[PDB]
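# Working through the structure, step by step
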Amino acid sequence: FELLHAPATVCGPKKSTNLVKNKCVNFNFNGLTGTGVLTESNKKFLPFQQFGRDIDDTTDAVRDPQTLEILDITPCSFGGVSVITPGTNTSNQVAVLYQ
Amino acid sequence: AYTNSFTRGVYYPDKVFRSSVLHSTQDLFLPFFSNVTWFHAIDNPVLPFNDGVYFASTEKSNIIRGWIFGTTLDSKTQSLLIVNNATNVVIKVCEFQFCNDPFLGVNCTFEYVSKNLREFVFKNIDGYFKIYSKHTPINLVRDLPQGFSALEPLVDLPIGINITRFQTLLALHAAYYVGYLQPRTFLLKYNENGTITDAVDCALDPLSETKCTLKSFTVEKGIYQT
Amino acid sequence: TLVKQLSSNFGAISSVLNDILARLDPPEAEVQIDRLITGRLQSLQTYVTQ
Amino acid sequence: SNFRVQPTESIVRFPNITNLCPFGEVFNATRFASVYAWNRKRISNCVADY
Amino acid sequence: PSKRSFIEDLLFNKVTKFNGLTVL
Ligand SMILES: *[C@@H]1O[C@H](CO)[C@@H](O)[C@H](O)[C@H]1NC(C)=O
Ligand SMILES: *[C@@H]1O[C@H](CO)[C@@H](O)[C@H](O)[C@H]1NC(C)=O
Ligand SMILES: *[C@@H]1O[C@H](CO)[C@@H](O)[C@H](O)[C@H]1NC(C)=O
Ligand SMILES: *[C@@H]1O[C@H](CO)[C@@H](O)[C@H](O)[C@H]1NC(C)=O
Ligand SMILES: *[C@@H]1O[C@H](CO)[C@@H](O)[C@H](O)[C@H]1NC(C)=O
Ligand SMILES: *[C@@H]1O[C@H](CO)[C@@H](O)[C@H](O)[C@H]1NC(C)=O
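Deposited coordinates in this entry are attributed by the record to cryo-EM, at a stated resolution of 4.1 Å.

Per the PDB entry, chain D goes by Spike glycoprotein and derives from Severe acute respiratory syndrome coronavirus 2. The title field of the PDB entry reads "SARS-CoV-2 B.1.1.7 S-ACE2 complex".

Looking up chain B in the PDB entry gives the name Spike glycoprotein, with the organism given as Severe acute respiratory syndrome coronavirus 2.

## What to know about the nonpolar core
Residues and elements named next belong to chain B. If you look at the biggest cluster of nonpolar residues, it comprises 24 residues, and the most contacted ones within it are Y54, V121, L181, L188 and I196. Those elements that provide at least two residues to this core are β2 (8–11), β3 (22–29), β12 (149–153), β15 (182–190) and β16 (196–201). With three residues, the top contributor of residues to this core is β15. If you look at the next biggest cluster of nonpolar residues, it comprises 23 residues, including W67, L80, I82 and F122.

## With respect to the site of ligand 3
All names here are of chain B. Taken together, the neighbourhood of ligand 3 is formed by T71, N162 and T164. Within the side chain of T71, a nitrogen or oxygen atom sits 2.4 Å from an oxygen atom of ligand 3. For ligand 3, an oxygen atom lies 2.4 Å from a polar atom in the side chain of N162. Burial of ligand 3 by the surrounding chains reaches 38%, relative to a free accessible area of 360 Å².

## Some remarks on the pattern of salt bridges
Evaluation of the coordinates by the stated rule reveals nine salt bridges over all chains. For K23 of chain A, the salt bridge goes to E9 of chain D, with nearest N and O atoms at 3.3 Å. Placement of the pair is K23 of chain A in the segment before β1 (25–26) and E9 of chain D in the loop between β1 (2–4) and α1 (23–27), with the two residues belonging to separate chains. According to the relative accessible area criterion, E9 of chain D is partly exposed, its value standing at 36%. Taking the shortest distance from any N to any O, the salt bridge between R13 of chain D and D64 of chain A comes out at 3.6 Å. In this pair, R13 of chain D sits in the loop between β1 and α1 while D64 of chain A sits in the loop between β3 (61–63) and β4 (70–75), so the two residues belong to two different chains. For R13 of chain D, a relative accessible area of 9% corresponds to the buried category.

Rules used in this analysis
- Chain by chain, residues are numbered from 1 following the written sequence, and this numbering need not agree with the entry; no residue without coordinates is displayed.
- Whichever chain is written first is A, and whichever ligand is written first is 1; the rest continue in order.
- The displayed chains are a subset of a larger assembly; all values refer to this subset.
- Excluding hydrogens and water, the side-chain values take into account all heavy atoms of the structure.
- Take the buried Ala, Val, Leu, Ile, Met, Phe, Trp, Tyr and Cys residues and link them wherever side-chain atoms come within 4.5 Å; each set so joined is a nonpolar core.
- To sort residues, take the accessible area from a 1.4 Å probe on protein chains only and compare it with the maximum for the residue type: under 20% means buried, over 50% means exposed, and anything in between is partly exposed.
- Helix numbers and strand numbers start at the N terminus; a helix is a DSSP run of H or I with at least 4 residues, a strand a run of E with at least 2.
- Throughout, the term near means that a residue has one or more heavy atoms lying within 4 Å of the molecule or strand in question.
- Here a polar contact means two N or O atoms within 3.5 Å. Within protein one must be a hydrogen donor candidate and the other an acceptor candidate, and residues neighboring in sequence count only if both atoms are side-chain atoms.
- Working definition of accessibility: Shrake-Rupley area with a 1.4 Å probe, residue cover restricted to the visible protein chains.
- For salt bridges, the criterion is a side-chain nitrogen of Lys or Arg within 4 Å of an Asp or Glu carboxyl oxygen.

Rendered as structure tokens:
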């Protein structure tokens, strides 16, 4: 095995598993490693383009390297967590708002 | 002989999809509105490119049959030959002069097997020799047409030969054009679907630099530091 | 502009933190991610002030 | 606080149409040669199993 | 159903983001 300075062309195998959508996961689409929900998507790609970016170059839709199916993406949900309350001097009850 | 190529040479620089955006880009390109060499056959000199070559060999009778890339092309360094032989596209990267001189019939490294103006663009960086193409009919067959056409990548090759010279290959028993490519900044505008429809140089002339300080093709009147 | 600032190295090896994670985990990871954090922190602060 | 739904699963997706190169051919072979007249085959540009 | 007034509708029709943000 000689590893010449040029990039190595013959490599080991790629152990690829199944893809599940409508519930966010970490994902590994050949470099694309974000964290979000994948879903079916409609917008059409050209025969060779490989990502989908948008207004500020955020990875925004990707096609599976195995099957020609465009998938849309959205980062996992998240938001503030706050508490409304009557004063401690009038009660102790508490209602919580997820933002 | 020299002529003036209109807005031609653009090509999808990378493999991403943008939509209705106007995207700044920075790479090698053919500077808009430049002075183009014109070799006419039916001749056949040898022309070197440095780091990129706009090779839009035209057509009259479909007679162009290959390319040889390299330095000395005689049993010295491995070099590229790619032939369309009425069947397919065939790539062979050996090193010899005219040992394969059979044309029709009617110690080598890497292999790969795959009116109507055909433009191509080739460039070699980082051990990758990349090709982009576009085939389009022309009606004004007098000269290179006025319009906007966007090329597209066909086949990347991991051969990584070092190349600075090349000549066209014809078949005997049209012509071809060359400029060169230099580093510039363009402003591309991708359409709704994703296929390019216009672009502007940022260094072309006074206005354009403004047009790409705003990153938009509709400047309003006024006054702009650019 | 703020979001665009995530696409810049600020003098580190890359513009993503995951790649530097992959390449080098011991101290040099600190002496690189230091710069990502410093730069991104400025960008946020200089958004807040204006 | 800030609420953060958590990742649940990793997923791997690599080109699984695959190319190969049959090392089995040179092992399941019928063409073996002499010791000093030993051949060197510079093989590459495939996918190889180990 | 939205009781915007008429000239207010003209005004409205005239005038014309999740990497860690939110717009309340
Ligand atoms: C508030 O706290 C004081 C503490 O001495 C208590 O006496 C009072 O009942 C509480 N409620 C109101 C309305 O002041
Ligand atoms: C450049 O283009 C002009 C066309 O105006 C042509 O006359 C000239 O020969 C070309 N080359 C040079 C070196 O000027
Ligand atoms: C590539 O070949 C050219 C001659 O065709 C030579 O001038 C140049 O130095 C070579 N580049 C390398 C990296 O060897
Ligand atoms: C083209 O070349 C390939 C390989 O050299 C050969 O298999 C094929 O028959 C050729 N086609 C013609 C039309 O000569
Ligand atoms: C054999 O190798 C030499 C240099 O290694 C090369 O010049 C020659 O073209 C090769 N012969 C064939 C038939 O490829
Ligand atoms: C988009 O694709 C459709 C094909 O359904 C094509 O007819 C249309 O011209 C393309 N461009 C636009 C702007 O719709």
